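**Student:** Hey, dropping query-v8.pdb in here, PDB, C-alpha atoms:
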```
ATOM      1  CA  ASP A 224      48.690  -0.375 -27.865  1.00  0.00           C
ATOM      2  CA  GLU A 225      48.619  -3.266 -25.305  1.00  0.00           C
ATOM      3  CA  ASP A 226      49.951  -6.820 -24.591  1.00  0.00           C
ATOM      4  CA  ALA A 227      50.657  -9.741 -26.978  1.00  0.00           C
ATOM      5  CA  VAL A 228      52.486  -8.550 -30.055  1.00  0.00           C
ATOM      6  CA  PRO A 229      54.809 -10.769 -32.080  1.00  0.00           C
ATOM      7  CA  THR A 230      57.775  -9.416 -33.998  1.00  0.00           C
ATOM      8  CA  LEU A 231      58.553 -11.406 -37.208  1.00  0.00           C
ATOM      9  CA  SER A 232      60.424 -14.668 -36.663  1.00  0.00           C
ATOM     10  CA  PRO A 233      63.177 -15.274 -39.354  1.00  0.00           C
ATOM     11  CA  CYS A 234      62.201 -17.532 -42.266  1.00  0.00           C
ATOM     12  CA  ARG A 235      64.401 -20.496 -43.075  1.00  0.00           C
ATOM     13  CA  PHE A 236      65.290 -20.839 -46.752  1.00  0.00           C
ATOM     14  CA  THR A 237      65.533 -24.382 -48.183  1.00  0.00           C
ATOM     15  CA  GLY A 238      67.354 -25.463 -51.306  1.00  0.00           C
ATOM     16  CA  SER A 239      64.552 -27.478 -52.891  1.00  0.00           C
ATOM     17  CA  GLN A 240      62.453 -28.206 -56.038  1.00  0.00           C
ATOM     18  CA  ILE A 241      58.738 -28.275 -56.826  1.00  0.00           C
ATOM     19  CA  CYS A 242      57.820 -29.804 -60.240  1.00  0.00           C
ATOM     20  CA  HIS A 243      54.183 -29.444 -61.392  1.00  0.00           C
ATOM     21  CA  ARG A 244      54.341 -31.536 -64.547  1.00  0.00           C
ATOM     22  CA  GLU A 245      51.466 -30.598 -66.911  1.00  0.00           C
ATOM     23  CA  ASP A 246      51.933 -31.588 -70.595  1.00  0.00           C
ATOM     24  CA  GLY A 247      48.536 -30.161 -71.586  1.00  0.00           C
ATOM     25  CA  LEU A 248      49.988 -26.678 -71.143  1.00  0.00           C
ATOM     26  CA  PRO A 249      51.703 -25.187 -74.253  1.00  0.00           C
ATOM     27  CA  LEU A 250      54.738 -23.509 -72.541  1.00  0.00           C
ATOM     28  CA  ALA A 251      56.925 -24.270 -69.499  1.00  0.00           C
ATOM     29  CA  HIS A 252      57.348 -21.788 -66.638  1.00  0.00           C
ATOM     30  CA  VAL A 253      60.528 -22.045 -64.522  1.00  0.00           C
ATOM     31  CA  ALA A 254      61.528 -19.819 -61.546  1.00  0.00           C
ATOM     32  CA  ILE A 255      64.872 -20.220 -59.796  1.00  0.00           C
ATOM     33  CA  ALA A 256      66.219 -18.295 -56.802  1.00  0.00           C
ATOM     34  CA  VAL A 257      68.980 -18.311 -54.190  1.00  0.00           C
ATOM     35  CA  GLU A 258      68.518 -16.710 -50.720  1.00  0.00           C
ATOM     36  CA  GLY A 259      68.599 -12.946 -50.966  1.00  0.00           C
ATOM     37  CA  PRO A 260      69.331 -10.776 -47.908  1.00  0.00           C
ATOM     38  CA  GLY A 261      66.647  -8.451 -46.471  1.00  0.00           C
ATOM     39  CA  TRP A 262      65.333  -4.999 -47.430  1.00  0.00           C
ATOM     40  CA  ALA A 263      67.893  -3.444 -45.017  1.00  0.00           C
ATOM     41  CA  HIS A 264      71.087  -4.926 -46.503  1.00  0.00           C
ATOM     42  CA  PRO A 265      73.516  -2.618 -48.493  1.00  0.00           C
ATOM     43  CA  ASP A 266      74.427  -5.289 -51.112  1.00  0.00           C
ATOM     44  CA  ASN A 267      70.970  -5.309 -52.661  1.00  0.00           C
ATOM     45  CA  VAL A 268      72.328  -2.433 -54.818  1.00  0.00           C
ATOM     46  CA  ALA A 269      75.248  -4.462 -56.353  1.00  0.00           C
ATOM     47  CA  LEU A 270      72.917  -7.482 -56.818  1.00  0.00           C
ATOM     48  CA  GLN A 271      70.601  -5.223 -58.817  1.00  0.00           C
ATOM     49  CA  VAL A 272      73.534  -3.949 -60.945  1.00  0.00           C
ATOM     50  CA  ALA A 273      74.277  -7.647 -61.656  1.00  0.00           C
ATOM     51  CA  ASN A 274      70.593  -8.471 -62.400  1.00  0.00           C
ATOM     52  CA  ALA A 275      70.403  -5.530 -64.849  1.00  0.00           C
ATOM     53  CA  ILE A 276      73.468  -6.998 -66.742  1.00  0.00           C
ATOM     54  CA  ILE A 277      71.565 -10.304 -67.200  1.00  0.00           C
ATOM     55  CA  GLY A 278      68.455  -8.128 -67.779  1.00  0.00           C
ATOM     56  CA  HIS A 279      65.043  -9.081 -69.075  1.00  0.00           C
ATOM     57  CA  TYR A 280      63.832 -10.375 -72.469  1.00  0.00           C
ATOM     58  CA  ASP A 281      60.581 -10.806 -74.372  1.00  0.00           C
ATOM     59  CA  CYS A 282      59.869 -12.010 -77.916  1.00  0.00           C
ATOM     60  CA  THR A 283      58.490  -8.507 -78.796  1.00  0.00           C
ATOM     61  CA  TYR A 284      61.858  -6.700 -78.144  1.00  0.00           C
ATOM     62  CA  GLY A 285      63.678  -5.073 -81.038  1.00  0.00           C
ATOM     63  CA  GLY A 286      67.169  -6.589 -81.215  1.00  0.00           C
ATOM     64  CA  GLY A 287      67.718 -10.249 -81.509  1.00  0.00           C
ATOM     65  CA  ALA A 288      71.411 -10.657 -81.917  1.00  0.00           C
ATOM     66  CA  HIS A 289      72.574  -7.146 -80.917  1.00  0.00           C
ATOM     67  CA  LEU A 290      71.301  -6.978 -77.294  1.00  0.00           C
ATOM     68  CA  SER A 291      74.011  -6.309 -74.682  1.00  0.00           C
ATOM     69  CA  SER A 292      72.972  -9.071 -72.232  1.00  0.00           C
ATOM     70  CA  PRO A 293      74.539 -12.433 -73.378  1.00  0.00           C
ATOM     71  CA  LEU A 294      71.446 -14.288 -72.016  1.00  0.00           C
ATOM     72  CA  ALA A 295      69.104 -11.951 -74.011  1.00  0.00           C
ATOM     73  CA  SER A 296      71.291 -12.156 -77.154  1.00  0.00           C
ATOM     74  CA  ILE A 297      71.601 -16.002 -77.223  1.00  0.00           C
ATOM     75  CA  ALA A 298      67.914 -16.490 -76.190  1.00  0.00           C
ATOM     76  CA  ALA A 299      66.834 -14.329 -79.140  1.00  0.00           C
ATOM     77  CA  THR A 300      69.315 -15.847 -81.670  1.00  0.00           C
ATOM     78  CA  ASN A 301      68.734 -19.503 -80.769  1.00  0.00           C
ATOM     79  CA  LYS A 302      64.973 -19.080 -80.029  1.00  0.00           C
ATOM     80  CA  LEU A 303      65.398 -20.330 -76.448  1.00  0.00           C
ATOM     81  CA  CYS A 304      62.746 -18.260 -74.891  1.00  0.00           C
ATOM     82  CA  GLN A 305      59.464 -16.461 -75.083  1.00  0.00           C
ATOM     83  CA  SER A 306      60.488 -14.358 -72.059  1.00  0.00           C
ATOM     84  CA  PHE A 307      62.808 -14.126 -69.063  1.00  0.00           C
ATOM     85  CA  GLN A 308      63.209 -11.708 -66.118  1.00  0.00           C
ATOM     86  CA  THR A 309      65.684 -11.247 -63.304  1.00  0.00           C
ATOM     87  CA  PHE A 310      64.262 -10.530 -59.851  1.00  0.00           C
ATOM     88  CA  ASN A 311      65.399  -9.528 -56.387  1.00  0.00           C
ATOM     89  CA  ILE A 312      62.325  -9.935 -54.147  1.00  0.00           C
ATOM     90  CA  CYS A 313      63.070  -8.589 -50.630  1.00  0.00           C
ATOM     91  CA  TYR A 314      61.535  -9.497 -47.287  1.00  0.00           C
ATOM     92  CA  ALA A 315      62.700  -8.656 -43.735  1.00  0.00           C
ATOM     93  CA  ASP A 316      66.087 -10.415 -43.332  1.00  0.00           C
ATOM     94  CA  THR A 317      65.618 -12.753 -46.348  1.00  0.00           C
ATOM     95  CA  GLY A 318      64.878 -12.675 -50.096  1.00  0.00           C
ATOM     96  CA  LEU A 319      64.372 -14.389 -53.429  1.00  0.00           C
ATOM     97  CA  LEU A 320      67.165 -13.640 -55.863  1.00  0.00           C
ATOM     98  CA  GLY A 321      67.271 -15.093 -59.331  1.00  0.00           C
ATOM     99  CA  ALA A 322      65.295 -15.481 -62.527  1.00  0.00           C
ATOM    100  CA  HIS A 323      62.020 -16.587 -64.143  1.00  0.00           C
ATOM    101  CA  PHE A 324      61.586 -17.771 -67.748  1.00  0.00           C
ATOM    102  CA  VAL A 325      58.935 -19.067 -70.184  1.00  0.00           C
ATOM    103  CA  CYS A 326      59.872 -21.452 -73.011  1.00  0.00           C
ATOM    104  CA  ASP A 327      59.070 -24.409 -75.253  1.00  0.00           C
ATOM    105  CA  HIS A 328      59.462 -27.985 -73.821  1.00  0.00           C
ATOM    106  CA  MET A 329      62.694 -28.604 -75.896  1.00  0.00           C
ATOM    107  CA  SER A 330      64.408 -25.365 -74.614  1.00  0.00           C
ATOM    108  CA  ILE A 331      64.461 -25.668 -70.764  1.00  0.00           C
ATOM    109  CA  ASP A 332      67.889 -27.370 -70.539  1.00  0.00           C
ATOM    110  CA  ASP A 333      69.547 -24.723 -72.816  1.00  0.00           C
ATOM    111  CA  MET A 334      67.850 -21.815 -70.963  1.00  0.00           C
ATOM    112  CA  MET A 335      69.130 -23.100 -67.568  1.00  0.00           C
TER     113      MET A 335
ATOM    114  CA  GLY B   1      68.425 -42.652 -78.872  1.00  0.00           C
ATOM    115  CA  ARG B   2      65.790 -41.293 -76.453  1.00  0.00           C
ATOM    116  CA  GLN B   3      65.867 -37.657 -75.079  1.00  0.00           C
ATOM    117  CA  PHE B   4      64.130 -35.687 -72.329  1.00  0.00           C
ATOM    118  CA  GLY B   5      61.228 -33.674 -73.758  1.00  0.00           C
ATOM    119  CA  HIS B   6      60.357 -36.532 -76.202  1.00  0.00           C
ATOM    120  CA  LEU B   7      59.697 -39.505 -73.882  1.00  0.00           C
ATOM    121  CA  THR B   8      55.967 -39.522 -72.997  1.00  0.00           C
ATOM    122  CA  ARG B   9      52.924 -37.412 -71.927  1.00  0.00           C
ATOM    123  CA  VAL B  10      52.430 -36.857 -68.165  1.00  0.00           C
ATOM    124  CA  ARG B  11      49.709 -34.605 -66.671  1.00  0.00           C
ATOM    125  CA  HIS B  12      48.847 -33.529 -63.097  1.00  0.00           C
ATOM    126  CA  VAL B  13      51.842 -34.957 -61.118  1.00  0.00           C
ATOM    127  CA  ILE B  14      53.624 -32.802 -58.508  1.00  0.00           C
ATOM    128  CA  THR B  15      57.152 -33.835 -57.378  1.00  0.00           C
ATOM    129  CA  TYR B  16      58.655 -32.265 -54.236  1.00  0.00           C
ATOM    130  CA  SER B  17      62.441 -32.601 -53.767  1.00  0.00           C
ATOM    131  CA  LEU B  18      65.096 -31.425 -51.308  1.00  0.00           C
ATOM    132  CA  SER B  19      68.754 -30.497 -51.924  1.00  0.00           C
ATOM    133  CA  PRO B  20      71.316 -33.200 -50.826  1.00  0.00           C
ATOM    134  CA  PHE B  21      73.057 -30.481 -48.736  1.00  0.00           C
ATOM    135  CA  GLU B  22      69.728 -29.952 -46.828  1.00  0.00           C
ATOM    136  CA  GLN B  23      69.326 -33.610 -45.901  1.00  0.00           C
ATOM    137  CA  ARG B  24      70.760 -36.920 -44.519  1.00  0.00           C
ATOM    138  CA  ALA B  25      72.677 -39.413 -46.667  1.00  0.00           C
ATOM    139  CA  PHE B  26      71.791 -42.235 -44.179  1.00  0.00           C
ATOM    140  CA  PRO B  27      68.298 -41.256 -42.734  1.00  0.00           C
ATOM    141  CA  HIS B  28      67.233 -43.787 -40.011  1.00  0.00           C
ATOM    142  CA  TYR B  29      69.793 -46.242 -41.480  1.00  0.00           C
ATOM    143  CA  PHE B  30      69.479 -49.150 -38.985  1.00  0.00           C
ATOM    144  CA  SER B  31      66.081 -48.276 -37.411  1.00  0.00           C
ATOM    145  CA  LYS B  32      64.260 -48.281 -40.820  1.00  0.00           C
ATOM    146  CA  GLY B  33      66.859 -50.294 -42.799  1.00  0.00           C
ATOM    147  CA  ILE B  34      66.892 -53.673 -40.994  1.00  0.00           C
ATOM    148  CA  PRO B  35      62.999 -53.895 -40.798  1.00  0.00           C
ATOM    149  CA  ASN B  36      63.028 -53.449 -44.609  1.00  0.00           C
ATOM    150  CA  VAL B  37      65.635 -56.192 -45.368  1.00  0.00           C
ATOM    151  CA  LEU B  38      63.705 -58.512 -42.990  1.00  0.00           C
ATOM    152  CA  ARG B  39      60.456 -57.751 -44.939  1.00  0.00           C
ATOM    153  CA  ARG B  40      62.326 -58.316 -48.267  1.00  0.00           C
ATOM    154  CA  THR B  41      63.774 -61.674 -47.045  1.00  0.00           C
ATOM    155  CA  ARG B  42      60.250 -62.917 -45.985  1.00  0.00           C
ATOM    156  CA  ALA B  43      58.831 -61.821 -49.383  1.00  0.00           C
ATOM    157  CA  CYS B  44      61.314 -63.917 -51.381  1.00  0.00           C
ATOM    158  CA  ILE B  45      62.573 -66.888 -49.184  1.00  0.00           C
ATOM    159  CA  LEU B  46      59.916 -69.372 -50.353  1.00  0.00           C
ATOM    160  CA  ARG B  47      60.866 -68.742 -54.015  1.00  0.00           C
ATOM    161  CA  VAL B  48      64.709 -68.543 -53.648  1.00  0.00           C
ATOM    162  CA  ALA B  49      65.690 -70.989 -50.824  1.00  0.00           C
ATOM    163  CA  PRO B  50      63.890 -74.403 -51.641  1.00  0.00           C
ATOM    164  CA  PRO B  51      65.889 -75.103 -54.917  1.00  0.00           C
ATOM    165  CA  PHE B  52      69.239 -74.512 -53.069  1.00  0.00           C
ATOM    166  CA  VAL B  53      68.327 -76.734 -50.106  1.00  0.00           C
ATOM    167  CA  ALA B  54      67.343 -79.391 -52.726  1.00  0.00           C
ATOM    168  CA  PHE B  55      70.843 -78.942 -54.245  1.00  0.00           C
ATOM    169  CA  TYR B  56      72.449 -79.174 -50.741  1.00  0.00           C
ATOM    170  CA  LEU B  57      70.549 -82.447 -49.961  1.00  0.00           C
ATOM    171  CA  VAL B  58      71.591 -83.994 -53.337  1.00  0.00           C
ATOM    172  CA  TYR B  59      75.180 -82.664 -52.664  1.00  0.00           C
ATOM    173  CA  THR B  60      75.393 -84.257 -49.172  1.00  0.00           C
ATOM    174  CA  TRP B  61      73.769 -87.581 -50.229  1.00  0.00           C
ATOM    175  CA  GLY B  62      75.893 -87.767 -53.448  1.00  0.00           C
ATOM    176  CA  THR B  63      79.229 -87.143 -51.678  1.00  0.00           C
ATOM    177  CA  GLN B  64      78.310 -89.631 -48.846  1.00  0.00           C
ATOM    178  CA  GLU B  65      77.238 -92.375 -51.336  1.00  0.00           C
ATOM    179  CA  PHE B  66      80.391 -92.084 -53.550  1.00  0.00           C
ATOM    180  CA  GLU B  67      82.732 -92.168 -50.493  1.00  0.00           C
ATOM    181  CA  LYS B  68      80.867 -95.305 -49.231  1.00  0.00           C
ATOM    182  CA  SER B  69      80.840 -96.956 -52.719  1.00  0.00           C
ATOM    183  CA  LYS B  70      84.709 -96.918 -52.778  1.00  0.00           C
ATOM    184  CA  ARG B  71      84.897 -99.612 -50.015  1.00  0.00           C
ATOM    185  CA  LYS B  72      84.564-103.425 -49.926  1.00  0.00           C
ATOM    186  CA  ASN B  73      83.470-105.708 -47.018  1.00  0.00           C
ATOM    187  CA  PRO B  74      83.469-109.370 -48.315  1.00  0.00           C
ATOM    188  CA  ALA B  75      85.543-111.192 -50.955  1.00  0.00           C
TER     189      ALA B  75
END
```
So, in terms of structure tokens, how does the structure I just supplied come out?
**Tutor:**
Amino acid sequence: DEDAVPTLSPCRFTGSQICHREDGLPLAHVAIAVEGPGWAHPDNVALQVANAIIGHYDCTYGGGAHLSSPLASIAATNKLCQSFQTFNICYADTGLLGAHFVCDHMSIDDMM
Amino acid sequence: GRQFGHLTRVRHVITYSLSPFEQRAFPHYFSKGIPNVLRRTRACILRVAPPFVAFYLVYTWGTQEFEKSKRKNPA
């Protein structure tokens, strides 16, 4: 077994923005997350309940207008979207909780 | 009327930003601030100041002359 191990130091989250502007590319990718808790934490379950309500979408789903999720329904009706997904990525004592989407240049503001 | 999405073409530029809640409203306010205003003053003085001094000199002459014109000494 033997001397010098580290345990994992906690990782500071920062409210921040990275913007790789590339107009040559045909569709915009946006990912947005708040600080999740860790793997261990009991309220991961209720966050996942919530994320399921917002759901996922793709342009190859049956159901435009009739989908239960109001994000999915409006994104389909108003053509806001090629896809979106909710996520809850977990690490030890921290996470990434939010959503990723793919859309046309004139649709980012509405999607957000 | 101009709108975002329709302005111009930009390729290959990364912008990094921080939240205002993560950061200082007045970062190094005197220690970086006053060197900058000093540098700005130097950059512009020779363009701004010499007309106004030339006004001031014409002001001070013109007032002095008029005051001294409104006097006699022989009749």
**Student:** Between A:335, A:268, A:304, A:255, which has the minimum distance to residue 322 (chain A) (counting all atoms listed in the file)?
**Tutor:**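 Checking each candidate against residue 322 (chain A), we get A:255 as the closest.
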**Student:** Which residues come within 12 Å of residue 22 (chain B), counting all atoms listed in the file, excluding same-chain residues fewer than 5 positions away, as a list in words?
**Tutor:**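 Near neighbours after the sequence-gap exclusion: residues 235, 236, 237, 238, 239 and 240 of chain A; 17 of chain B.
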**Student:** To one decimal place, how far is CA of residue 252 (chain A) from CA of residue 311 (chain A) in Å?
**Tutor:**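 One can read the CA of residue 252 (chain A) to CA of residue 311 (chain A) distance as 17.9 Å.
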**Student:** If you apply the PyMOL selection byres ((chain B) within 10 of (chain A)) to this file, what residues do you get, as JSON, numbers by chain?
**Tutor:** {"B": [3, 4, 5, 6, 8, 9, 10, 11, 12, 13, 14, 15, 16, 17, 18, 19, 20, 21, 22, 23]}
**Student:** Counting only C-alpha atoms, which of A:293, A:265, A:260, A:287 gets nearest to residue 234 (chain A)?
**Tutor:**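 Counting only C-alpha atoms, the residue closest to residue 234 (chain A) is A:260.
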**Student:** Give as a PyMOL selection string the residues that the PyMOL selection byres ((chain A and resi 284) around 12) matches when applied to the coordinates above.
**Tutor:** chain A and resi 279-283+285-290+295-296+298-299+305-307
**Student:** Only C-alpha atoms, as a tab-separated table (two decimals), in the first residue's frame: that is what I want for chain B.
**Tutor:**
```tsv
chain	number	residue	atom	x	y	z
B	1	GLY	CA	-33.15	48.12	-36.93
B	2	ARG	CA	-30.18	45.78	-36.34
B	3	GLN	CA	-30.51	42.42	-34.41
B	4	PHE	CA	-28.15	39.85	-32.90
B	5	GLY	CA	-27.66	36.91	-35.28
B	6	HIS	CA	-27.72	39.28	-38.32
B	7	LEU	CA	-24.83	41.70	-37.61
B	8	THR	CA	-21.65	40.24	-39.17
B	9	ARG	CA	-19.50	37.09	-39.70
B	10	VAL	CA	-16.92	36.27	-36.98
B	11	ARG	CA	-14.76	33.10	-36.95
B	12	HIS	CA	-12.21	31.67	-34.48
B	13	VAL	CA	-12.59	34.08	-31.49
B	14	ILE	CA	-12.85	32.71	-27.93
B	15	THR	CA	-14.27	34.99	-25.18
B	16	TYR	CA	-13.81	34.03	-21.51
B	17	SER	CA	-16.06	35.80	-18.96
B	18	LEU	CA	-16.71	35.67	-15.21
B	19	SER	CA	-19.97	36.25	-13.28
B	20	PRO	CA	-20.21	39.70	-11.52
B	21	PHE	CA	-20.94	37.80	-8.25
B	22	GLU	CA	-17.56	35.97	-8.66
B	23	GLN	CA	-15.53	39.16	-9.02
B	24	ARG	CA	-14.61	42.72	-7.85
B	25	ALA	CA	-16.54	45.82	-8.92
B	26	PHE	CA	-13.44	48.01	-8.18
B	27	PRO	CA	-10.37	45.71	-8.94
B	28	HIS	CA	-7.09	47.55	-8.06
B	29	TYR	CA	-9.05	50.84	-8.21
B	30	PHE	CA	-6.31	53.33	-7.15
B	31	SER	CA	-3.20	51.16	-7.78
B	32	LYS	CA	-4.10	50.56	-11.49
B	33	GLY	CA	-6.56	53.48	-11.90
B	34	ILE	CA	-4.36	56.55	-11.27
B	35	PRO	CA	-1.44	55.25	-13.50
B	36	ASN	CA	-4.04	54.96	-16.31
B	37	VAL	CA	-5.49	58.52	-15.95
B	38	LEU	CA	-1.88	59.84	-15.81
B	39	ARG	CA	-1.09	57.94	-19.08
B	40	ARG	CA	-4.35	59.28	-20.64
B	41	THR	CA	-3.53	62.90	-19.60
B	42	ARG	CA	0.01	62.65	-21.18
B	43	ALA	CA	-1.51	61.19	-24.39
B	44	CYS	CA	-3.87	64.15	-24.91
B	45	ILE	CA	-2.41	67.30	-23.14
B	46	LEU	CA	-0.51	68.60	-26.19
B	47	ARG	CA	-3.72	68.50	-28.29
B	48	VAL	CA	-6.24	69.79	-25.66
B	49	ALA	CA	-4.35	72.34	-23.46
B	50	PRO	CA	-2.54	74.81	-25.94
B	51	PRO	CA	-5.81	76.33	-27.42
B	52	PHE	CA	-7.17	77.03	-23.86
B	53	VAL	CA	-3.93	78.63	-22.63
B	54	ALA	CA	-4.08	80.78	-25.84
B	55	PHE	CA	-7.65	81.77	-24.81
B	56	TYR	CA	-6.45	82.50	-21.21
B	57	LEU	CA	-3.59	84.75	-22.49
B	58	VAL	CA	-6.00	86.68	-24.81
B	59	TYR	CA	-8.50	86.83	-21.84
B	60	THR	CA	-5.91	88.27	-19.39
B	61	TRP	CA	-4.40	90.74	-21.93
B	62	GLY	CA	-7.89	91.83	-23.17
B	63	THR	CA	-9.29	92.49	-19.67
B	64	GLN	CA	-6.05	94.35	-18.61
B	65	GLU	CA	-6.03	96.53	-21.79
B	66	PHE	CA	-9.75	97.55	-21.53
B	67	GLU	CA	-9.41	98.45	-17.80
B	68	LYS	CA	-6.30	100.58	-18.66
B	69	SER	CA	-8.00	102.19	-21.73
B	70	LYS	CA	-10.76	103.66	-19.45
B	71	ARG	CA	-8.27	106.13	-17.83
B	72	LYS	CA	-6.78	109.51	-18.82
B	73	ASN	CA	-3.43	111.11	-17.76
B	74	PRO	CA	-3.11	114.52	-19.59
B	75	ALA	CA	-5.68	117.08	-20.79
```
